[PDB]
Amino acid sequence: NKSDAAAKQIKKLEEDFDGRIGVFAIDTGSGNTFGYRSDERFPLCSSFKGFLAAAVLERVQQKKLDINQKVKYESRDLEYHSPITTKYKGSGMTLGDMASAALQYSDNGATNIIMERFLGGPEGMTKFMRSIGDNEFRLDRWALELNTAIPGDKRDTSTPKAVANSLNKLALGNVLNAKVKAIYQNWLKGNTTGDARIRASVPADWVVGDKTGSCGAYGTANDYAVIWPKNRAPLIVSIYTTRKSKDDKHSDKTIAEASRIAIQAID
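Going by the entry's author numbering, 38 is the number at position 38 of the sequence shown; the sequence numbering is gapless.
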């Protein structure tokens, strides 16, 4: 009945702004879960960038890469929306700083440099996700090309549930060792783009780490988060949205509300 009430409220919210909301939330302490369209496909947009940063950290842990190695790109024509990589073009960036920039600022240069040199491209990114037992995630295209968010299109999608599961395994589980997991957590905690999304749905004193995604088409946007409430086990929240028309703008407030509803549902 608590599940069905949350479902009624997500359905209404999706009808109010004429779109589609997909939700998956986990209370990692009780194991209680809430899902709504949690098995349907949604565009990842930039949200995949948060898993790319984990892929890099896995490599670092395996000693295949060094977190301090200089990554140089002095001749590169930087993709649009490269606020961090554009400042360091002259001097380069450590692999660590570059990976976290991809996460924290959604930096496209950081994203594409890392996928071309370290991760084996979109197929490589997908392979990493298969390796943690995620069978839904697929990345098909590079940083600026995956934003088309065409209805029905399977490229560069996942499901809310698969996103949540993966984040749980990467942020809280055992894919990363203690030291490297802590780094990943701090990266997520210092994300800068998510203030109006999951972050806006919880009390100010709860600690949150997140990665957002905004397609810029079909009002498609999302957020996924690890949340450490005061004196309580962590939560995982995954919220994906699309809208009917190509020209519709995303709704931050819908995502925040969907999050509020999801958090109550597993309470």
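The C-beta atom is built at its ideal place from N, Cα and C for all residues, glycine as well.
* Nonlocal neighbours in the same chain, by C-beta distance under 7 Å from residue 143, ignoring five residues either side -> Excluding sequence neighbours, residue 143 sits near 79, 108, 111 and 112.
* Given a threshold of 16 other Cβ atoms within 10 Å of its Cβ, counted over all protein chains shown, does residue 43 qualify as buried or as exposed? -> That one is buried.
* Taking all protein chains shown into account, decide if residue 86 is buried (16 or more other Cβ within 10 angstroms of its Cβ) or exposed. => Around the CB of residue 86, fewer than 16 other CB atoms lie within 10 Å, so the residue is classed as exposed.
* Within this structure, are the beta carbons of residue 251 and residue 46 separated by less than 8 Å? -> no
* **7 Å CB neighbourhood of residue 147 in its chain, flanking five on each side removed** => 45, 215, 216 and 217
* Cβ-Cβ separation, residue 191 to residue 52 (assumed contact under 8 Å), whole Å -> The pair is not a contact, with the Cβ atoms about 14 Å apart (cut-off 8 Å).
* Going by other Cβ atoms of all chains shown within 10 Å of its Cβ, with 16 needed for buried, is residue 185 buried or exposed? -> buried
* **In chain order, each alpha helix (DSSP H) run of at least 4 residues that lies wholly inside the region 57-99** => 83-87
* Assign residue 135 to one of three DSSP states: helix, strand, or coil. => coil
* To do: Please say whether residue 198 and residue 221 have beta carbons closer to each other than 8 Å?
  => no
* Looking only at C-alpha atoms, which of 76, 26 and 114 sits nearest to residue 50? -> Its Cα nearest to that of residue 50, the residue 114 stands out among 76, 26 and 114.
* Distance, residue 32 Cα to residue 135 Cα -> 22 Å
* Asked: Between which two residues does the alpha helix (DSSP H) containing residue 3 stretch?
  -> Looking at the DSSP string, the run of the alpha helix (DSSP H) that includes residue 3 is 2-16.
* Taking the Cβ atom as the reference point for each residue, do residue 261 and residue 9 lie within a distance shorter than 8 Å? -> yes
* Asked: Going along the chain, which residues of its own chain have a beta-carbon closer than 7 Å to the beta-carbon of residue 236, five neighbours each way excluded?
  -> Within its own chain, the residues whose Cβ lies closer than 7 Å to the Cβ of residue 236, once the five positions on either side in sequence are excluded, are 25, 26, 28, 164, 167, 168 and 226, listed in chain order.
* Where residue 150 falls, given that 16 or more other Cβ within 10 Å makes a residue buried -> Exposed, since its Cβ has fewer than 16 Cβ neighbours within 10 Å.
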